[PDB]
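Now for the letters of each chain:
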Amino acid sequence: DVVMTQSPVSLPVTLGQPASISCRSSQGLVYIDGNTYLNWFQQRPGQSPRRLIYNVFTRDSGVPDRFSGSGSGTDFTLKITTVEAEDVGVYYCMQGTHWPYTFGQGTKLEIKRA
Amino acid sequence: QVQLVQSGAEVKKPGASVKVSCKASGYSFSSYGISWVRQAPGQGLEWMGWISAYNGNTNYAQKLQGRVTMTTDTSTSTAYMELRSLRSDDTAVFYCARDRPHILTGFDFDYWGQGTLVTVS
Amino acid sequence: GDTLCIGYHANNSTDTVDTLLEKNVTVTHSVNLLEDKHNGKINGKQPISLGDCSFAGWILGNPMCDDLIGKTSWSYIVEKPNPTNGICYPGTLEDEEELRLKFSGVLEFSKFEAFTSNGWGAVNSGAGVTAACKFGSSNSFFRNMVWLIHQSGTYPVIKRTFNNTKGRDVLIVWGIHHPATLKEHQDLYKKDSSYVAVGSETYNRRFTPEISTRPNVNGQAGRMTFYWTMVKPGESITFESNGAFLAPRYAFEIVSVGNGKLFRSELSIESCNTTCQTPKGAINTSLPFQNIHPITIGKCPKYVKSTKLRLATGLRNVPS
Amino acid sequence: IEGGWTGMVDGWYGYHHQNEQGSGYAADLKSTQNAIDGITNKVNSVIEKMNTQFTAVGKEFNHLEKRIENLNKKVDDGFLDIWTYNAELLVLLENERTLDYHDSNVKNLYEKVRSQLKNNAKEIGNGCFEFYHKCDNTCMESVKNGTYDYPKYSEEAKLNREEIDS
């Protein structure tokens, strides 16, 4: 079984202040193809989720250059420069390469911490 | 292009079977797969299950094993979730998403569904 | 009748892997574990070049380093393997090799005057220049220190103190002169033996000149042993001497610390480095291990003499 | 089993049936599955618990008696040699383990089908089994899921089998 821990559950981010979200896995998330698998995705209140990162370093075609996905091994992060308005919402880890794959907990954003 | 149409909102009592449907249009049905996820009120759950149009095959979540039955109609490019033995805890908002059909390829959730509310009490 | 057969998968991938017995086994699927991509030689952060000067030339104030002057912050300093400017007046630098490790951890400093050259008392500061450290055609000396000599036939006991009110670490440098003969000592310091007493809140040393006529390097038979220390915030260090003393005149306040290491190559300044920046370059490809260079910077895949490290993931591809 | 199937793109291991209904490929996904989890776990342990590449050595005073760093220099060079060997060797070891593992999974799937079928089918030179009876898609799927009913077809298979030898 996989355990996706997200340390930063709550994130009050002043508009325009790059912040990061950390997913930590119990085991490694590499695969036969050689491509580590976690695909970050975001959800808006009452709106179906939409992904942002492919594997560890591919941006969805519909993703502004602000949304940057990093990480290697078991600890992984997602940093968004100059956090805008619609960027607020709930975020989630993604499938571990192990079929019992785990979204994890959720992480929420705020408009302005000041 | 991106057309993943879920079924309408559904209201039932505990212990009755539930059936959710997800339509899809375009050339996005190349016998590709479809997975379904659970979202409890306020907090989401992990995946519910997945099925391959190319090779009839279903992977179900744990401790649901015994109630979750999933199908695909390739002729209408439609997937179906069916949960038997409904629970009040099972009351939640479901969702559909794309997936790759053979295991030689991995996974891709490029599209999403309109959402289907399911209330059980 | 009817026939049900059991079989495995064949594709087209010919990527081959090698096994403990057989080799070049064409597998259906394989990962490359060895990062061996195109080194490929504003952006992120910008680095600096020590030019024809060495790290010693870059910090000692070798007159010809007047080109280097003007580089306060950097991402990865660049040194040439055999620079023209090291220690023009022959000598050694005590702990230069852990100070370069310190600078593997330094991204910006601020150079300031800690002791005025003329404020050392009745002592000649306007003298003490050598042809070994000539600036241009004119002779000169290291700019970060001053070579004090007697004033009017007398070189008294001088004493000054610096207090690090900056709130940050201060790198301070000085040196002791080891004359070739006793006459050089008498002509420069108007006495027969001298001492250099350096004492801080934690530092404590007394040095004495070692007089002997070493073989000539850059035309000089004498030597100089330069020393450096870190004056921590709040420490008041005191220098005391009556001869053979290369006075500190400039110190470096470490302004920013990070992980900018150094190398000895001659490639053009290369910025926008990846997780691992190497002399050959910095490739984004993140295969567990790399093999471009043994001397790397940042979180780096381990260097390995291998030329191919392909791990078999699929099965033996044999089509038809 | 001589060759592989480009047509079976459903997994590493599986079946190709050919009956009255027709012929088709379909991978055995439980075994394919256990193999994928096993090779994934193997790769994860290889990569994660690989080695501590980072030179955590403090090197407070390094070496320096000899002009150039003497002890830590050759220590680092020797450590380089240590894994340069260990990694090459580990690649080989685990790759032949993976190939023998795939071979063993194939062998086991075949033996399961054999233990189900027994007399009601004939073994063929390569990986294939020819039924002594008509095996429709229901019978095929019964073989695959492991629920093949021998007494159901045993009489038909008896008659045919004893007929081909005149």
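Residues numbered from 1 in each chain as written, not as in the entry; some residues may be left out. Chains lettered and ligands numbered in written order. Heavy atoms only, no water.

Per the PDB record, the structure was determined using X-ray crystallography to 4.35 Å resolution.

## Some details on the packing of aromatic side chains
Condition: Here is the rule: rings of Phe, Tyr and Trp (six-membered ring for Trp) pair when centre to centre is within 6.5 Å. Planes less than 30 degrees apart are stacked, more than 60 are edge-to-face, and the remainder are tilted. Only protein chains enter the accessibility calculation, which uses a 1.4 Å probe. A residue is then buried if its area is under 20% of the maximum for its type, exposed if over 50%, and partly exposed in between. In this scheme, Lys NZ or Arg CZ marks a charge over a ring once it lies within 6 Å of the ring centre and within 35 degrees of the ring normal.
Summed over all chains, the structure comprises 36 aromatic pairs over all chains. Between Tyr31 of chain A and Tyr37 of chain A the ring centres are 5.8 Å apart and the planes differ by 70 degrees, which places this aromatic pair in the edge-to-face class. Owing to a relative accessible area of 10%, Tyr31 of chain A belongs among the buried residues under this scheme. For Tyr37 of chain A, a relative accessible area of 6% corresponds to the buried category. Between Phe107 of chain B and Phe109 of chain B, the aromatic rings sit 6.3 Å apart at their centres with planes inclined by 65 degrees, giving edge-to-face as the arrangement. Taking relative accessible area as the criterion, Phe107 of chain B reaches 10% and is therefore assigned buried. On the basis of relative accessibility, which here comes to 2%, the residue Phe109 of chain B falls in the buried class. One aromatic cluster is present, built from ring pairs that chain together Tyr31, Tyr37, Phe41, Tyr92, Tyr101 and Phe103 of chain A together with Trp47, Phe107, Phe109 and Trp112 of chain B. The residue whose ring lies beneath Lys19 of chain B is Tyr80 of chain B, and the NZ or CZ to ring-centre distance is 5.0 Å. In this structure, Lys152 of chain D is placed above the aromatic ring of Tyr153 of chain D, and the distance from its NZ or CZ to the ring centre is 5.5 Å.

## Here's the deal with helix α2 (residues 96-103) of chain C
To keep things clear, this is the line we draw: Helix numbering and strand numbering both begin at the N terminus, where a helix is a DSSP run of H or I of at least 4 residues and a strand a DSSP run of E of at least 2. Residue contacts are counted whenever heavy atoms from the two residues lie within 4.5 Å of one another.
Along α2 of chain C, the residues classified as buried are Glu98, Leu99, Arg100 and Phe103 of chain C. Elements that come into contact with the buried residues of α2 of chain C comprise α1 (55-60), β7 (77-79), β9 (106-113), β14 (170-178), β17 (223-231) and β21 (263-264) of chain C.

## Some remarks on the pairing of strand β3 (residues 19-24) of chain A
Residue and element names in this part refer to chain A. Quick reminder of the rule: Here, a strand pair is defined by DSSP locating no fewer than two bridges between the strands.
Pairing analysis gives 2 bridges linking strand β1 (residues 5-6) to β3, with the strands arranged antiparallel. In the sheet register, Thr5 faces β3, and the bridge partner there is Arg24. In this structure, β3 lies alongside strand β9 (residues 75-80), joined through 6 bridges in antiparallel fashion. Looking at the pairing, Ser22 lines up with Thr77 of β9.

## A closer look at the domain arrangement of chain C
All names here are of chain C. The line we're drawing: Residue ranges for the domains originate in an automatic or database domain assignment. Throughout, buried area stands for the accessible area (probe radius 1.4 Å) lost by two parts on being put together, summed over both. Definition used for salt bridges: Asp or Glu carboxyl oxygen within 4 Å of a side-chain nitrogen of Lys or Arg. A 3.5 Å cut-off defines polar contacts: any pair of N or O atoms within that distance qualifies, except that in protein one atom must be a possible hydrogen donor and the other a possible acceptor, and neighbouring residues in sequence count only when both atoms are side-chain atoms. Note on residue categories: nonpolar means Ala, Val, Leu, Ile, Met, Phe, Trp, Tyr, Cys or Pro, charged means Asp, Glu, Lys or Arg, and polar means any other residue, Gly included.
Entries for chain C in the domain assignment read domain 1 (1-43 + 272-320) and domain 2 (48-264). Between the C-alpha centres of domain 1 and domain 2 there is a distance of 50 Å. Between domain 1 and domain 2, roughly 510 Å² of surface is buried when both sides are summed, and carbon and sulfur atoms account for 74% of that area. When the buried area of domain 1 at its contact with domain 2 is split by residue, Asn273, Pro279 and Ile297 rank highest and sum to 64% of it. Run the count over domain 1 and domain 2 and you get 0 salt bridges. Run the count over domain 1 and domain 2 and you get 1 residue pair in polar contact. Looking at the side of domain 1 that touches domain 2 residue by residue, the classes come out as 3 nonpolar, 4 polar and no charged.

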